[PDB]
Amino acid sequence: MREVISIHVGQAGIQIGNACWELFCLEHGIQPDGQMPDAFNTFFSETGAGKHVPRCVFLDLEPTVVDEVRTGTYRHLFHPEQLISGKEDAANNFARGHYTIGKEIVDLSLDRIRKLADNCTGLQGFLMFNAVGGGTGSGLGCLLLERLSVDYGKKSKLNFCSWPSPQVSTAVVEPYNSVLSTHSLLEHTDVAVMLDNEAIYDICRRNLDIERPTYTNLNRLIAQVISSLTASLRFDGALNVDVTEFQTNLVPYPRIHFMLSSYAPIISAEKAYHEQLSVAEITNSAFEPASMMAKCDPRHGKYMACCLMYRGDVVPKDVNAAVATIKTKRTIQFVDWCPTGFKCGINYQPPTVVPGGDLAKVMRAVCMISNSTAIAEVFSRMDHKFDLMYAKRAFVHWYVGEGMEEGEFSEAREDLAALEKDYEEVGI
Amino acid sequence: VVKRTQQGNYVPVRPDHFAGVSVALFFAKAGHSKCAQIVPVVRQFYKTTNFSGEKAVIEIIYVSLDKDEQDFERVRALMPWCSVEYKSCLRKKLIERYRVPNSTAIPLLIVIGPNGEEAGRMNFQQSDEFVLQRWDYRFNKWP
Amino acid sequence: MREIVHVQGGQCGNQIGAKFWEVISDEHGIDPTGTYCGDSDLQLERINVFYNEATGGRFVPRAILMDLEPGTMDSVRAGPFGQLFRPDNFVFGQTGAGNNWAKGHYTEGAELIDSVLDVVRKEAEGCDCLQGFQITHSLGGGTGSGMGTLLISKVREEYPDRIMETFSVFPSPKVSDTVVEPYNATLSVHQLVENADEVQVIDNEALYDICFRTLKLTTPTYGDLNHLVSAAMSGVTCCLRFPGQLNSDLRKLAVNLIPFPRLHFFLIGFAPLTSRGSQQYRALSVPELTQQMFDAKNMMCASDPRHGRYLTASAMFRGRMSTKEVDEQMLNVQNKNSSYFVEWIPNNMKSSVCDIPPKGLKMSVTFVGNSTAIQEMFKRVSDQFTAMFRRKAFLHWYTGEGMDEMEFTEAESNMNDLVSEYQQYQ
Amino acid sequence: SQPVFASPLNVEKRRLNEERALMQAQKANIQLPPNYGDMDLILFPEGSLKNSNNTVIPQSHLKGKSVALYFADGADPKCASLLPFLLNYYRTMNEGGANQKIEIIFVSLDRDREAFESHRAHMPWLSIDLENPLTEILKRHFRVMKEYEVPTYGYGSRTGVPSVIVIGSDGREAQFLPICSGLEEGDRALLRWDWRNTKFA
Amino acid sequence: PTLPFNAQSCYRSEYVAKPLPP
Amino acid sequence: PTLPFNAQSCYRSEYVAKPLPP
Amino acid sequence: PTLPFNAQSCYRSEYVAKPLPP
């Protein structure tokens, strides 16, 4: 039918993407071996004796995570060529992953992409999972985004980037890699969804009451989001919205495509079953800042566009009712120039669960992808981190030593200044 | 292989008892501090959730890692749920297949799907004790 | 994939190196004979980083033993886990460098590098993709400081891409061995700054101090000190050998802890560290690890860390553990101890989860910190250097062997700049 | 006559089948001696195989399997290196499926019973005890020898210990897995194990 | 006289076979 | 003391009389 | 032998889950 290719770059991209492929394999009823005991065609191919192989490529320079998948439970589920490994880590150096060691692996990467896209025409687009703060995540992520933009120029490229958090870093050179990648995904990607690590730590703490989480709890929640974005492609629904019409309803200006995410409900096993997941309150449990998945308060922002994807026992009457009460509720502000700022998508298939995982079954759910001007704070805070670094050239010698010219820091800085000014202007 | 403890003798349980509910295997010792900690809290939880209403809702098969007949019987005689037979080879089969090291790995609750495999994993060696209420059976019951 | 080449030079380097291969073989479950026991995939899936197959099933270390007296090489061979090293990897000195950095580097060691650089060339070139080297040596001694630094100089200009990290012990503060410490330590430091990527500093008096109040051992031999230091050594390179939630190799750490190139001296620590008596009385959790790991009384280098500021630091956690409280504790220790840290660099700390714990425990952390507080040790060694040099004392040994008068003034001028560089960032 | 001719298995198989052919011809223009196609043997009788828990397992549950003989020794460092990879491979093959796919029957090169039991305590797949002549006859049939100590009839020693040989219904080697072989592709030649084609009929 | 190795990877302990929906 | 000769050619190892497809 | 806990709380012992009126 019409398919989508998922691309995983970097450590976070591999780990997040593997939870995605655990969920996709589970909901379509295909085993870890890869054979079931045409709705699944958007994520799995056919292969000979009734066995299905995903449309994903695994890319990392260090082998220590991609080799572990090859020896894991899903050893026959992926194509051996689809999991590509190097020998040495990029090591938090955007310069290293983009210039020196990036060129020898990008070729092998886009060979498989070429083969997998030429299977059928009329495919939707690309989903890319990468770490901004990482080396290979930012380095190799730009190289594929650059070279795919020149070849498959027309088509949609969606990005789900693990943006570095305000207080939490677990790194130090990460302000450098953030502003360097931002210059490279302003003019090469179509829609970018910003993810925060410690925001989801907040989600797991108050909504789900997991006082003591881990990365396995992170990637499950991301997998539910990604499934909700691509639910309309797979299953029949009342009113579908595809990945082509995402950028139509959410990107008003070509520069401005940095947009937050939210999911509701994030509810426990025991917590959920004793309370109405009403369609009215399932959205009221989405517009509050604390439910938002970026740690970026939109109260001092203005909503430019909004796209809601419902899943399950959802009727069109309650969707229109839920939108109307939100617009008349005062605490959020819409921009003057965008009256029809809502786009509703309804899918019949209920959310699937990973059993004995973290969440539960609920009869309905909503996933939010909203574009706002709240993004102005997260780039300004990243700029404040970067000016201290660049004030006296700290950790520059690693970057310039490999072959990256000094001064690319200067021009990427002013681009983020140019991006910062545009957001402030459009919010009048 | 699986034995239902009742008043007066020990009876084999029908495999129709396990149907329609959630079955958890309980890896435990006898006389261990955390084992003796976790027996009675689980007993209270089991009693309240099965007697609350009409229908039996969960079922826990207790599996031991003890070294004595007397110790096995002593830890088994104070529990309301069924257990696994000490002489059955299924017990050691379960140990080798689920990879309990035989410590911080005790006690353990692994809730099981219809195919006899890991439907969900839960460890008590931690400060929290709301995990008993956290294990929910409405999401993984056998047909 | 990646292999790390081990080089063991000097008295101190052999003993801390013999005990280092004891715990790595323990970790990978290697029999002293050379076989394997321990029936797990994790241990053997990444073993070529430190070992090599021999067509008999036995794994040999990629380690090169190097000394100018055959005595300490004999002792290492003659112990258990002595059979493990290759006989060809031993290189022998027929003369012996008596504490003199001149003969370790200019005269006597110069003709024996030719022998040993061949060994390191044969082993490094044979691999698929070299990552780098680690060198354990002393700086007080002659052979450790002299020839160990020469070999550092030679393979840097030969393999200029690959990383290098040194486990070097310094002259101790209070009492001393090798009376010409400043004539050996200072003469190594100005060369070590030029051709080394990471330097990890160990002090004797720190290890005595650790073993006193924490471990309550009455009689610490070199058996337990080398066992303790080796526990910090395995913690650094665990992520190379085992999978984890957040991976960290050597190159990961080097870009992470080094703001500016010439400042690359570290401060090593390990946790947890409890007595045998009070072994089973503790709550081994991520609050307790971080309290113990940030302490002046836990560092392997007895420079006082709260007399300076932490420029950058890294905490590489180990074990089945969990990624938010380790994450929040990094934020917590940085927020409370604001005066202890540097201002212009935000978010100084690093987190690296290494999913396989050290053997027989459940949860640990190693701490590698680039601190400006280690400028006290460079002054105090230089304070000792000035007193001897102004009086031209013990110099006739060095200048007799073929070393220049102006070389000593250049060395003192080099480290005085190194002090001033660190002093500026307080 | 497959994969070898001068083996105890093939000699006893030829004896039985040709005896049977003669008797049938006497009772009833058949071709003597009988064809390799018309030859038949029972390989593992009822009391041969036994599981982890030392309960007897019949011939009949080897049907629809990819079945392989693992010739292994206790003391060999190469065997000790090979064993955990094959453990992981067995577990990840047999677990990601409702029914099980591959099955491994263990043949020992240990010197004695004590070593046999000590090494066998680890293994969960099927094993044949040391004292059974089946081990020796299978060993000569599949040309496994630790060293050339036994007279072999102009053969070359096909394998060194350890080695996994995938077997067929009639004793024919289904495929060869090159651990220490012509390919020397050690410790990950277990990946080359296909299970479309190698089915225990 | 050593002991078995008693770290289990985070990956292997929870990415195992998973129960199919009915 | 002697050792037996146990070596055979590349041709003998690779090319045997394979049984024919039906 | 050392003497046990023999009390049961009144709330546990008297608010039992009652059978429902029909």
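Residues numbered from 1 in each chain as written, not as in the entry; some residues may be left out. Chains lettered and ligands numbered in written order. Part of a larger assembly, values for the part shown. Heavy atoms only, no water. Residues with missing side-chain atoms left out of burial classes, pairs and counts.

For this deposition, the record names cryo-EM as the technique by which the model was determined and cites 8.4 Å as its resolution.

Please provide a residue-by-residue account of the overall build of chain D, values included.
Along its length, chain D carries 4 helices and 5 strands. Secondary structure of chain D in N-to-C order comes out as α-β-α-β-α-β-α-β-β. Taking 2.2 N^0.38 as the reference for a compact globule, 201 residues should give roughly 17 Å; the C-alpha atoms of chain D span a radius of gyration of 18 Å, in line with that estimate. Counting only residues that meet the buried cut, chain D has 47% of its 201 residues in that class. Surface exposure of chain D reaches about 10,100 Å², of which carbon and sulfur atoms provide 51%. In chain D, the 24 positive side-chain charges and the 25 negative ones have mean positions that sit 6 Å from each other. (Helix = DSSP H or I, 4+ residues; strand = E, 2+ residues; numbered from the N terminus. Rg over C-alpha atoms; globule rule 2.2 N^0.38 Å. Buried < 20%, exposed > 50% of the residue type's maximum accessible area, 1.4 Å probe, protein only. Areas by Shrake-Rupley, 256 points an atom, 1.4 Å probe, with all protein chains shown as cover. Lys, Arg positive; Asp, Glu negative; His and termini not counted. Charge placed at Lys NZ, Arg CZ, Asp CG, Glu CD.)

Tell me about the overall build of chain B, residues and numbers included.
Across its full length, chain B carries 4 helices and 7 strands. Helices and strands in chain B line up, N terminus first, as β-β-β-α-β-α-β-α-β-β-α. The C-alpha radius of gyration computed for chain B amounts to 14 Å, which stays within 12% of the reference 15 Å derived for 143 residues, consistent with globular compactness. Along the first, second and third principal axes, the C-alpha atoms of chain B reach 40 × 35 × 30 Å. Scored against the burial criterion, the 143 residues of chain B give a buried share of 50%. As presented, chain B carries roughly 7,400 Å² of accessible surface, and 55% of it is formed by carbon and sulfur atoms. If the 21 positive side-chain charges of chain B are averaged to one point and the 15 negative ones to another, these points end up 1 Å apart.

Which residues make up the packing of aromatic side chains, and what values do they have?
Counted according to the given criterion, the structure contains 54 aromatic pairs over all chains. With centroids separated by 6.1 Å and ring planes inclined at 5°, the aromatic side chains of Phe 126 of chain A and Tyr 152 of chain A adopt a geometry described as stacked. Placement of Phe 126 of chain A in strand β4 (residues 125-131) and of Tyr 152 of chain A in the loop between α5 (135-151) and β5 (156-163) is noted, with a sequence separation of 26 residues between them. Taken as a pair, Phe 126 of chain A and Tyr 152 of chain A share a single burial class, namely buried. Between the aromatic rings of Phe 385 of chain C and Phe 389 of chain C, the centroid separation amounts to 5.7 Å while the plane-to-plane angle is 35°, which identifies the pairing as tilted. Here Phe 385 of chain C and its partner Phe 389 of chain C are both found in helix α14 (residues 375-390), 4 residues apart, which amounts to about one turn of the helix. Among the aromatic residues, those joined into a ring-pair cluster are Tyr 176, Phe 386, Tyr 390, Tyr 399 and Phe 409 of chain A. (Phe/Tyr/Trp six-rings, centres within 6.5 Å; stacked < 30°, edge-to-face > 60°.)

Residue-level account of the packing of helix α6 (residues 142-158) of chain C against helix α7 (residues 182-192) of chain C, with values.
Residues and elements named next belong to chain C. Taken N-terminus to C-terminus, the directions of α6 and α7 make an angle of 15°; their axes are 10 Å apart at the nearest point. Between α6 and α7, the crossing angle belongs to the class labelled roughly parallel. By crossing handedness, the relation of α6 to α7 is classed as left-handed. Judged by residue contacts, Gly 142, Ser 145, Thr 149, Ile 152 and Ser 153 of α6 engage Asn 184, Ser 188, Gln 191 and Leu 192 from α7. Classifying every residue of the contact of α6 with α7 gives 2 nonpolar, 7 polar and no charged. (Axes fitted to C-alpha atoms, helices over the stretch in contact; angles between N-to-C directions. Parallel < 35°, antiparallel > 145°, perpendicular 65-115°, else oblique. Left-handed = near helix turned anticlockwise from the far one by under 90°. Contact = heavy atoms within 4.5 Å. Nonpolar A, V, L, I, M, F, W, Y, C, P; charged D, E, K, R; others polar.)

An account of the interface of chain C and chain A is requested, with residue identities and associated values reported.
Between chain C and chain A, the contact holds 43 residues from the first and 34 residues from the second. Elements represented by at least two residues in the side of chain C that touches chain A include exactly β5 (130-138), α11 (250-257) and α13 (325-336) of chain C. No other element matches the 5 residues that α11 of chain C contributes to the side of chain C that touches chain A. Looking at side-chain class alone, the side of chain C that touches chain A contains 21 nonpolar, 11 polar and 11 charged residues.

Describe a nonpolar patch on the surface, and please don't skip the residues or the numbers.
Taken together, the side chains of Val 179, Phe 394 and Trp 397 of chain C make up a nonpolar region of the molecular surface, amounting to roughly 340 Å² of accessible area. Inspection of the secondary structure puts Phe 394 of chain C in the loop between α14 and α15 (396-400). (Patch = residues over 30% accessible without salt bridge, like charges linked within 9 Å, V, L, I, M, F, W, Y side chains within 5 Å. Salt bridge = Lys/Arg side-chain N within 4 Å of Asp/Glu carboxyl O.)

Quick one: what's the story with the sheet that holds strand β1 (residues 5-9) of chain A, residue by residue and with numbers?
Within a sheet, each strand pairs with its neighbour through backbone hydrogen bonds, oriented either parallel or antiparallel. Residues and elements named next belong to chain A. One open sheet accounts for 10 strands, arranged β3-β2-β1-β4-β5-β6-β7-β10-β8-β9; its pairing is mixed. Whereas interior strands pair on both sides, the edge strands pair on one side only; in this sheet they are β3 (83-85) and β9 (342-347). If you compare each strand with its neighbour and ignore which way they point, the axes differ by 20° on average. Note: strand β6 (residues 191-196) against strand β7 (residues 258-264), 2 bridges, orientation parallel. Its bridge partner being in β7, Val 193 is matched across the sheet by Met 259. (Pairing = 2+ DSSP bridges.)

Hey, could you go over the arrangement of the chains for me, with residue numbers and the actual values?
Comparison of the 12 pairs of chains in contact shows the highest number of contacts for chains A and C. Where chain E comes nearest to chain F, the C-alpha atoms are still 38 Å apart, and the two do not contact one another. A gap remains between chain A and chain G, which never touch, and the nearest two C-alpha atoms on either side lie 19 Å apart.

Please set out the pairing of strand β7 (residues 118-123) of chain B residue by residue, giving values where relevant.
Residues and elements named next belong to chain B. Two elements, strand β6 (residues 108-112) and β7, share 5 bridges in a ladder whose sense is antiparallel. Across the sheet, the residue bridging to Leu 108 is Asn 123, located in β7. A loop of 5 residues connects β6 with β7, the two strands running antiparallel in sequence, and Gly 116 in this loop sits at a positive phi of about 75°.

How would you sum up the side chain of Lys 157 of chain A? Please name residues and give values.
Residue and element names in this part refer to chain A. Looking at where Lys 157 falls in the secondary structure, it is placed in strand β5. The side chain of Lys 157 sits in the buried core without any salt bridge; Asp 190 is the nearest counter-charge, 6.7 Å away. When near neighbours in sequence (up to four residues on either side) are disregarded, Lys 157 contacts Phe 126, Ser 149, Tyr 152, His 188, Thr 189, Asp 190 and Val 191.

Can you tell me about α5 of chain A, naming the residues and giving the values?
Residue and element names in this part refer to chain A. If you check α5, its first and last C-alpha atoms are 24 Å apart, about what 17 residues at 1.5 Å a residue would give, namely 24 Å. Summarising burial for α5: 12 of the 17 residues are buried, a large majority. Listed as buried for α5 are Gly 135, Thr 136, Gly 137, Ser 138, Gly 139, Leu 140, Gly 141, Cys 142, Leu 143, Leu 144, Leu 145 and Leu 148. (Expected span 1.5 Å × (residues − 1).)

Lay out the packing of helix α1 (residues 10-27) of chain C against helix α9 (residues 222-236) of chain C with the relevant residues and their values.
Residues and elements named next belong to chain C. Contact geometry of α1 with α9 gives a least axis separation of 8 Å together with a crossing angle of 60°. Here α1 is positioned oblique relative to α9, judged by the angle of their axes. Of the two possible hands of crossing, α1 and α9 adopt the one that is right-handed. Counted together, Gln 15, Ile 16, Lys 19, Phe 20, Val 23 and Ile 24 of α1 and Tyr 222, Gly 223, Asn 226, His 227, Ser 230, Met 233 and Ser 234 of α9 form the full contact between these two elements. The residue inventory of the contact of α1 with α9, partitioned by class, reads 6 nonpolar, 6 polar and 1 charged.

Give me the sheet that holds strand β10 (residues 351-354) of chain C: which residues, what numbers.
Residue and element names in this part refer to chain C. Across the sheet, 4 strands lie side by side as β8-β11-β9-β10; this open sheet has mixed pairing. The open sheet is flanked by β8 (268-271) and β10, the only strands paired with a single partner. Between one strand axis and the next, the sheet turns through 15° on average, direction left out of account. Strand direction decides the pairing type here: β8 and strand β11 (residues 364-371), joined by 4 bridges, are antiparallel. From the neighbouring strand, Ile 268 faces β11, where its bridge partner is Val 368.

Explain the state of the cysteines to me, using residue names and the numbers behind them.
Tallied over the full model, the rule gives 1 disulfide over all chains. Paired through a disulfide, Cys 238 of chain C and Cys 354 of chain C show a sulfur-sulfur distance of 2.0 Å. Residue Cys 238 of chain C is found in helix α10 (residues 238-241), and its partner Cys 354 of chain C is found in strand β10; the two are separated by 116 residues along the sequence. Neither residue differs from the other here; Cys 238 of chain C and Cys 354 of chain C are each classed as buried. Left without a disulfide partner, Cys 35 of chain B is nearest to the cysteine sulfur of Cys 82 of chain B, which lies 16 Å away. Distance from the sulfur of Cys 127 of chain C, which forms no disulfide, to the nearest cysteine sulfur (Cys 129 of chain C) is 9.7 Å. (Disulfide = S-S within 2.5 Å.)

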